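The chain below stands alone, shown as structure tokens; this is the form deposited in one PDB entry.
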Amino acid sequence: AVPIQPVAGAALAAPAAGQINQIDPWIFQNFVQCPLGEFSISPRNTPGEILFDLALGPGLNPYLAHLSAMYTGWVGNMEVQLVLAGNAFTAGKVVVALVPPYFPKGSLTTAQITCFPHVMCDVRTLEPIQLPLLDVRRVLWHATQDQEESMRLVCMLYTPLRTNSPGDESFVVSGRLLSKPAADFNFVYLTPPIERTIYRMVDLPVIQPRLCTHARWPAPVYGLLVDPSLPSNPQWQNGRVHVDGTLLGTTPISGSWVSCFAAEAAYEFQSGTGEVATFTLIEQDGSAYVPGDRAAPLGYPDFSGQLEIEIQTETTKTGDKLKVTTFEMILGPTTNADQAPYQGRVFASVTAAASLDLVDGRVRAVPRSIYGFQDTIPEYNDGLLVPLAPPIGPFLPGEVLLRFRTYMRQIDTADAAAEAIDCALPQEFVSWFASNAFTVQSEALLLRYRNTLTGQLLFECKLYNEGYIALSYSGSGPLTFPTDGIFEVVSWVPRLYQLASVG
């Protein structure tokens, strides 16, 4: 069919392999869906778009991906099926090409796609199109726990779709790809099964949101909502984690480090403000702090306002040795006094008429209350710029951020409403991703929120690699969801995947 030579599999690996291992003959009799092998074609699409691009390897089949954990290597070819869903009143064409292992990745055009060994397929095709996937390589076999260059399968839109549509829908053309191993596929060497393999699917802890911990204020999570009338691209420096396990910003690992800090204190009495203390910050585990590539030590608060803190103070006066004292610090936006957490120094003041003989030493400060709270980053430098984390985004047209909401301890005189603060992910998910260290596949994960008892689906969402969730919402007023569901992982989806609208 295509202009290519036959490729030898185990006949080339056998002399230098230790064993050649066989696979269940029933696996050779079933075509299974490939991951990321599906697309939709619209009348508004332009020729030259990539529909799918899949690389040869064990990860194309769930059974082979499972079996990969007890072996050292693999060899051989596969066979794939393409299924298109059109009818007799359509027009258009696609091209499927065979790209060799070491072709420089980039962007192709319709002119260049026909210079590979390819097949041209019409949209009106009834039967599935069957293709081979051959193992072109410069080695004798591949390693299971190490991904190398392989032959690829790339699909492009060649000639556009011409159709009629009704007044309510638009008639996309759907395509799916399935695959199975060929008669010349083998594994190499029996090894003890490994649990931390690279073909391991991402999962989430089975915990309800109402039992979790907020990642920006030390309080239980009280709400879960989307509100389009709020800044769509916030720049919070806490609660930022990557799916592969990389912490971002000033995010700590433990929930007891949130909005607290540790330092060394020096107290002195000024007949003006009262008693002032200059804290030289360190890490909460006792290690030293070096100003590097983040705005502050791990866990430092990332909002603006006037904060109250308690520390353990020891006075050398007679009849008294230990107590707990509450100070008052200013961390609002550009407030009049030289606050440099980035350099590692802060100032606090307390009201006093005499000198309280407080001995200096190591101090850990935790928050009490906030006055004049704003959702803006604090004054890390006097007026200078600081290394930060990029704002959350971007979102597709019509996508809104999902927020986990809790309430803080306020100080106020005129108003009596609650003080709401939101985060992107709860603190348990941060530690889950840090301790699991999965392998990222494409751009995002598809999730499902469901009720534990009745098994009822509530909405859909997308979990991006950077660690934020997006919903397809078209309203204006805030929408609130129950906090007794469970999040479940479905599959890997591309960035341009269209969610089902909620509300």
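We call the rigid core the largest set of C-alpha positions that still match within 1.5 Å between the two forms. Counting begins at 1, following the sequence as shown.
Unshown form deposited in another entry; subsequent notes refer to it.
- For the residue set 166, 292, 397, 286, core-aligned C-alpha shifts between this form and the one not shown reach 2 angstroms or more at a single site, 166.
- Residue 84: CA moves 2 Å or more between this form and the one not shown after rigid-core fitting.
- After superposing the rigid core, the C-alpha of residue 447 moves by less than 2 Å between this form and the one not shown.
- Once both forms are overlaid on the rigid core, the distance between the two CA positions of residue 418 between this form and the one not shown is under 2 angstroms.
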